[PDB]
Amino acid sequence: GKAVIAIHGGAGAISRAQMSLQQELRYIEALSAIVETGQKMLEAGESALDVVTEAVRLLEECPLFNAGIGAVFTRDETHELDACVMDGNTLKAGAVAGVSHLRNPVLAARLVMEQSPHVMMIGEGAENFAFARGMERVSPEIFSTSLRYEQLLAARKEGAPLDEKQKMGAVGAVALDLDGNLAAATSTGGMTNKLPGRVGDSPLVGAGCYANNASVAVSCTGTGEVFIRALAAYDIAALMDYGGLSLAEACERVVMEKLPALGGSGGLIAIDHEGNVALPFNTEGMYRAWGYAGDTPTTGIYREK
Amino acid sequence: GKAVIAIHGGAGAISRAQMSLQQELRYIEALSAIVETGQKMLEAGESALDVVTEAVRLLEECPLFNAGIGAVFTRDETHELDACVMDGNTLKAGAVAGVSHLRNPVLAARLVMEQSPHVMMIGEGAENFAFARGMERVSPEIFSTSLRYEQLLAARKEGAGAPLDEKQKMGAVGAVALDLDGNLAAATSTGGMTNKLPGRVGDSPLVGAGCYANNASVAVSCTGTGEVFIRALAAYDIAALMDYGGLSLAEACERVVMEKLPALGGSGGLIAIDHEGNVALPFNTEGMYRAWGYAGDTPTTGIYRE
Ligand SMILES: [Cl-]
Ligand SMILES: [Cl-]
Ligand SMILES: [Cl-]
Ligand SMILES: [Cl-]
Ligand SMILES: [Cl-]
Ligand SMILES: [Cl-]
Ligand SMILES: [Cl-]
Ligand SMILES: [Cl-]
Ligand SMILES: [Cl-]
Ligand SMILES: [Cl-]
Ligand SMILES: [Cl-]
Ligand SMILES: [Cl-]
Ligand SMILES: [Cl-]
Ligand SMILES: [Cl-]
Ligand SMILES: [Cl-]
Ligand SMILES: [Cl-]
Ligand SMILES: [Cl-]
Ligand code: NA
Ligand code: NA
Ligand code: NA
Ligand code: NA
Ligand code: NA
Ligand code: NA
Ligand code: NA
Ligand code: NA
Ligand code: NA
Ligand code: NA
Ligand code: NA
């Protein structure tokens, strides 16, 4: 009965020649474990929303990906995290941007959705709201990793299978559940050497995250400014819904044509209401995985064959 | 098509019985002067971008509308302001949210567009970036007004003025314009919502939700209950319905404002100009503070029903 999940962990240029297989396998194992968790939840009748929330939570926890633990550093050597989640069944959405004292932004985004009349909260206000609902306050030092610090130092001067450049790491999940509900979630640490207070596409409904039962669930990763300006995630939905494009056609138009034409780089993952799955990326590679409920998953980092 | 400007200063329920004519005239005159200024600029060959920036700046300055001076108060008796500007010719955009120490958020938004490689900046980071560009730091007390303070007090009291009742959320300001060179632009600014949870963001600073412009389709600025405008991507949905669905501006506005948004429990309106110079000011509320005019013609102003 067509339940399916896809996940991503960022996009970038291929650096396989500098990697050992054992290094690559750490990424593959991470992606495999999370997608398999998602598939299991789906086959057991869990909701798309719960599935994308848990998958993004696990991706935040994984230090290899730019969200939560493993977040990139800002120019001030701090971390500012953003996340979004959307329920295609109700069209409700929750989002946080600019948070430093919450371990799992996607769970905070979810709290904004389910435990407030709002869609988006920012900064200390967002944190205070979450703390008032019992979410633990953490120090942002928990997110810090030497790989991302190395990259900050290289960035301000004049280690992974993919080179994200400064902006193209982020994480996300999309799912269609056994009830026909679509959901999407996205989380990020932003961009290496970011001007504090800058916001990219990840937490913005219709830019980095979108879900609607009648069309598509989408999560993006890439150079944020272009994905905002082109409403990348909603554009997929609109092309299909109004233009009558297939998911594949819509993905080609956005990722391979429109975004590049505006100078945007990255990719996205998408599931449509008929259970078609697509993981387009205009970069050389993208950390990714997907699988139908009850089938064996597929993972990838580099080019498709 | 022909150069044209529209503006809004928020939406709401009609509260005429409590007004005198002379009070209403002050609102009509406020709207009229701003739209006239825009028309003049358009006639003089000024850019859509410059026009919508200036109109929204004037609307922020005007204490009657919820943006800049006259901003609503948060739960904590503070002001947190948000703004967006979008250039339809380049598809660049600039936005600030959660700013308290900048007199004119739309000018800060324009600064994000033009003097940073970014599209959106929030809070103190946004403020610091503006200051670094020589923008003046102000104290938020400058925004405070007696009308809005009383609205906060009423919100705080347990149970159930101006020509329109914005309720808590439906006040914002905005402008859309088509210039003599065929460019579309949009800008939106807000003080947010009365008794707001600090850190909450509505549709106004969000590209595609409260503000959108693309020379190939439409310029749009919204005002209403923000959450629904975000979830439905009101501004870009107009563009997408026209561009991909083939709907006229009239059809797209009807679909979004009168059908889709209400179906999600949303209330408010928007202003829109398409690339062919058609202008629409739809609102599913009883009224909307609004005005528009073609360059070289007399403007039209409205508060209550069409
Ligand atoms: Cl690449
Ligand atoms: Cl290589
Ligand atoms: Cl090996
Ligand atoms: Cl909502
Ligand atoms: Cl917790
Ligand atoms: Cl980004
Ligand atoms: Cl297109
Ligand atoms: Cl485009
Ligand atoms: Cl691979
Ligand atoms: Cl009345
Ligand atoms: Cl009277
Ligand atoms: Cl840009
Ligand atoms: Cl200044
Ligand atoms: Cl709002
Ligand atoms: Cl529709
Ligand atoms: Cl009303
Ligand atoms: Cl009347
Ligand atoms: Na992580
Ligand atoms: Na909510
Ligand atoms: Na729909
Ligand atoms: Na990114
Ligand atoms: Na590619
Ligand atoms: Na004002
Ligand atoms: Na910019
Ligand atoms: Na009350
Ligand atoms: Na509003
Ligand atoms: Na286009
Ligand atoms: Na109406």
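Atoms within each ligand, like the ligands themselves, are counted from 1 in listed order. In what follows, chains carry the letters A, B, and so on, assigned in the order in which the sequence lines appear, proteins first and then strands, with residues in each chain numbered from 1. Worth knowing before you read on, the calculation uses all heavy atoms, side chains too, and leaves out hydrogens, waters and symmetry mates.
- If you look at B:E60 and ask which of its N, O or S atoms sits nearest the Na ion (ligand 23), the answer is O.
- If you put the vertex on the Na ion (ligand 23), O of B:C62 and O of B:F65 sit 90° apart, to the nearest 10°.
- Side-chain contact check for A:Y242 and B:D243: no donor-acceptor pair (N or O, by modelled atom type) lies under 3.5 Å.
- Between B:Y289 and B:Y27, the angle of the ring planes stays under 30°, which puts this pair in the parallel group of the 30/60° scheme.
- Residue B:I69: an N/O/S atom is found under 3.0 Å from the Na ion (ligand 23).
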Verdict with reasoning, B:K196 to B:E80, per salt bridge (charged side-chain N to carboxylate O under 4.0 Å, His left out)
CA-CA 9 Å; B:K196 196 181 79 154; B:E80 298 179 354; 2.7 Å; yes
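- Checking B:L59 against the Na ion (ligand 23), an N/O/S atom falls under the 3.0 Å cut-off.
- Ion pair B:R148/B:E77 not flagged as a salt bridge, since none of the NZ, NE, NH1 or NH2 atoms sits closer than 4.0 Å to an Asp/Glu carboxylate oxygen.
- The distance from the Na ion (ligand 23) to the nearest N/O/S atom of B:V173 is not under 3.0 Å.
- Put simply, the side chain of B:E60 reaches to within 4.5 Å of the side chain of B:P105, judged on heavy atoms.
- Inclusion of B:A71 in the first shell of the Na ion (ligand 23) is not supported: no N, O or S atom falls under 3.0 Å.
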